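Novice: Let me give you the structure first, and then I'll get to my questions.
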2 protein chains.
Amino acid sequence: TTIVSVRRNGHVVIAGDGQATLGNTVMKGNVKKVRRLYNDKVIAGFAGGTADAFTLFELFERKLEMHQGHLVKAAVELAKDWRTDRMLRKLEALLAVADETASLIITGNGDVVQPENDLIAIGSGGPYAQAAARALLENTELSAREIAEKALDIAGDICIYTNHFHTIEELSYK
Amino acid sequence: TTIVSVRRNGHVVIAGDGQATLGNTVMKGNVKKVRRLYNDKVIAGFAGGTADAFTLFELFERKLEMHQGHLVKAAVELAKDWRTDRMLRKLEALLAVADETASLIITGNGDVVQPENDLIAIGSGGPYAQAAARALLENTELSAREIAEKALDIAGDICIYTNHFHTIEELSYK
Ligand SMILES: [Mg+2]
Ligand SMILES: [Mg+2]
């Protein structure tokens, strides 16, 4: 698994691989790990059970409505319920989300994190994509979509658990 | 991870590294491991899950309000709940805290400890910073902020799990 997010020049994106491993065997290659939320104003991705993320994403929209779409406050309420509830505590996933305001991470420990320069990379391949995106962002003018695309192909070549099927959700705020 | 506390000449401080390791890989370098509490009257640090410490720090403020800000009595009530509750028993972290009165440590076993000369050092690098702070305190006139800063840079050079990003919260009571 690998997922990436990048923000540049008024554009922010999220991208993720389609591989679903089972043991040493590939279960499914076309999984959609990236999607839009809250009237498409938000883009997000997940590493974990497809239902485990679908549940957390729905409650996150309810946290946004209570906070009128604020990204940070809705996330802390989601991470707060995640470690707290005995039902949600069984859930095991890594959530990534960004909007025009900022990108940040969420975890089943209840930790929330905004990466330096809003650069998110998660999944088993995420350290590899982070090293690739870090290089292009400093040494090239490429748009945030161009960097997240190339960084994910590299993590898929390296991580055995990541493949080259891609899904992306870009957001332009300029 | 490394965290340090020092008290001298009416000044007490807490300092900690930003490294967040995952396996053999660095996850985040800028983590804020030190913060203030109870109307900024108290400074504290933590080694463990960022949510696991944020939960314990909140309840400790509630223990302070019940005890009117007493540091020692509020800590024993926190360490008492920590080992006791089945929910808190799952939490795994090392807490450090000090005010103008004294510095002391807290643990998930429920142990509370005041170091000799209120010198706290914890984390994977904490034994290294303790040996450095012990030398400067006896052989130099340096202020408590100067010793905690230099002791943490040494532990970061030594401990692979500690880095040189720093956060400090000083308290002056003179
Ligand atoms: Mg592969
Ligand atoms: Mg180091």
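We label chains A, B, ... in the order they appear in the structure tokens, count residues from 1 in each chain, and number ligands from 1 in the order shown.
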Should the cut-off be 7 Å, what would the residue list for chain A against chain B look like, counting only C-alpha atoms, as a PyMOL selection string?
Specialist: chain A and resi 109-111
Novice: Neighbours of ligand 2 within 9 Å, counting only C-alpha atoms and all ligand atoms, as an MDAnalysis selection string?
Specialist: chainID B and resid 19 155:164
Novice: Counting only C-alpha atoms, what is within 12 Å of residue 134 (chain B), bar same-chain residues fewer than 5 positions away, as a PyMOL selection string?
Specialist: chain B and resi 4-6+115-121+126-129+139-140+142+144+147-148+150-151
Novice: Work out how far CA of residue 96 (chain B) is from CA of residue 105 (chain A), in Å to one decimal.
Specialist: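 Spanning CA of residue 105 (chain A) to CA of residue 96 (chain B) is a straight-line distance of 26.3 Å.
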Novice: Write out as a ChimeraX atom specification the residues lying within 9 Å of residue 38 (chain A), counting only C-alpha atoms and excluding same-chain residues fewer than 3 positions away.
Specialist: /A:41-43,60-61,64-65,69
Novice: Generate the output file for the selected residues, N, CA, C and O atoms, as a PDB file, in the first residue's frame.
Specialist:
```
ATOM      1  N   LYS A  41     -15.525  19.093  -1.677  1.00  0.00           N
ATOM      2  CA  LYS A  41     -14.589  20.108  -1.214  1.00  0.00           C
ATOM      3  C   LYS A  41     -13.327  19.501  -0.624  1.00  0.00           C
ATOM      4  O   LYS A  41     -12.312  20.199  -0.520  1.00  0.00           O
ATOM      5  N   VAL A  42     -13.365  18.226  -0.240  1.00  0.00           N
ATOM      6  CA  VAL A  42     -12.252  17.568   0.430  1.00  0.00           C
ATOM      7  C   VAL A  42     -11.861  16.334  -0.368  1.00  0.00           C
ATOM      8  O   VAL A  42     -12.722  15.635  -0.914  1.00  0.00           O
ATOM      9  N   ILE A  43     -10.560  16.066  -0.423  1.00  0.00           N
ATOM     10  CA  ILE A  43     -10.023  14.841  -0.999  1.00  0.00           C
ATOM     11  C   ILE A  43      -9.354  14.051   0.119  1.00  0.00           C
ATOM     12  O   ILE A  43      -8.800  14.625   1.063  1.00  0.00           O
ATOM     13  N   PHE A  60     -16.444  11.476   9.537  1.00  0.00           N
ATOM     14  CA  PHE A  60     -15.669  12.696   9.368  1.00  0.00           C
ATOM     15  C   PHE A  60     -16.494  13.786   8.704  1.00  0.00           C
ATOM     16  O   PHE A  60     -16.342  14.968   9.038  1.00  0.00           O
ATOM     17  N   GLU A  61     -17.383  13.414   7.780  1.00  0.00           N
ATOM     18  CA  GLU A  61     -18.275  14.401   7.186  1.00  0.00           C
ATOM     19  C   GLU A  61     -19.248  14.949   8.220  1.00  0.00           C
ATOM     20  O   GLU A  61     -19.601  16.134   8.185  1.00  0.00           O
ATOM     21  N   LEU A  64     -17.516  17.484  10.102  1.00  0.00           N
ATOM     22  CA  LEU A  64     -17.393  18.721   9.339  1.00  0.00           C
ATOM     23  C   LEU A  64     -18.665  19.551   9.422  1.00  0.00           C
ATOM     24  O   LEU A  64     -18.605  20.781   9.530  1.00  0.00           O
ATOM     25  N   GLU A  65     -19.829  18.901   9.372  1.00  0.00           N
ATOM     26  CA  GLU A  65     -21.077  19.650   9.449  1.00  0.00           C
ATOM     27  C   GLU A  65     -21.236  20.320  10.804  1.00  0.00           C
ATOM     28  O   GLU A  65     -21.723  21.453  10.890  1.00  0.00           O
ATOM     29  N   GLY A  69     -17.403  22.594   8.325  1.00  0.00           N
ATOM     30  CA  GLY A  69     -16.405  22.275   7.337  1.00  0.00           C
ATOM     31  C   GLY A  69     -14.978  22.508   7.767  1.00  0.00           C
ATOM     32  O   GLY A  69     -14.068  22.283   6.959  1.00  0.00           O
TER      33      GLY A  69
END
```
Novice: Find, counting only C-alpha atoms, the residue in A:63, A:173, A:141, A:47 that gets nearest to residue 108 (chain A).
Specialist: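 Ranking A:63, A:173, A:141, A:47 by distance to residue 108 (chain A), first place goes to A:47.
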Novice: Please identify the helix (DSSP H, G or I) residues within region 13-172 of chain A (assignment by DSSP from backbone atoms) and present them as a ChimeraX atom specification.
Specialist: /A:50-66,71-84,86-90,116-118,126-139,144-158
Novice: Quick one, how far is CA of residue 17 (chain B) from CA of residue 53 (chain B)?
Specialist: 15.2 Å
Novice: CA of residue 36 (chain A) to CA of residue 172 (chain A): how many Å, to one decimal?
Specialist: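 Pair CA of residue 36 (chain A) / CA of residue 172 (chain A) returns 13.2 Å.
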Novice: Find the residues around residue 40 (chain B) up to 10 Å (only C-alpha atoms counted), leave out those fewer than 6 positions away in its own chain, and share them as a PyMOL selection string.
Specialist: chain B and resi 99+169+171
Novice: Restricting it to N, CA, C and O atoms, dump the selection as a PDB file, in the first residue's frame.
Specialist:
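Saved to again-v4.pdb:
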```pdb
ATOM      1  N   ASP B  99       7.212  22.106  38.107  1.00  0.00           N
ATOM      2  CA  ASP B  99       6.781  23.472  38.344  1.00  0.00           C
ATOM      3  C   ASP B  99       7.819  24.108  39.255  1.00  0.00           C
ATOM      4  O   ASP B  99       8.889  23.540  39.498  1.00  0.00           O
ATOM      5  N   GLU B 169      10.263  24.556  27.236  1.00  0.00           N
ATOM      6  CA  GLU B 169       9.317  25.358  27.996  1.00  0.00           C
ATOM      7  C   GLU B 169       9.969  25.660  29.335  1.00  0.00           C
ATOM      8  O   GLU B 169      10.098  24.772  30.183  1.00  0.00           O
ATOM      9  N   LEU B 171      10.353  27.872  32.961  1.00  0.00           N
ATOM     10  CA  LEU B 171       9.523  28.470  33.996  1.00  0.00           C
ATOM     11  C   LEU B 171      10.440  29.149  35.001  1.00  0.00           C
ATOM     12  O   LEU B 171      11.383  28.530  35.505  1.00  0.00           O
TER      13      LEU B 171
END
```
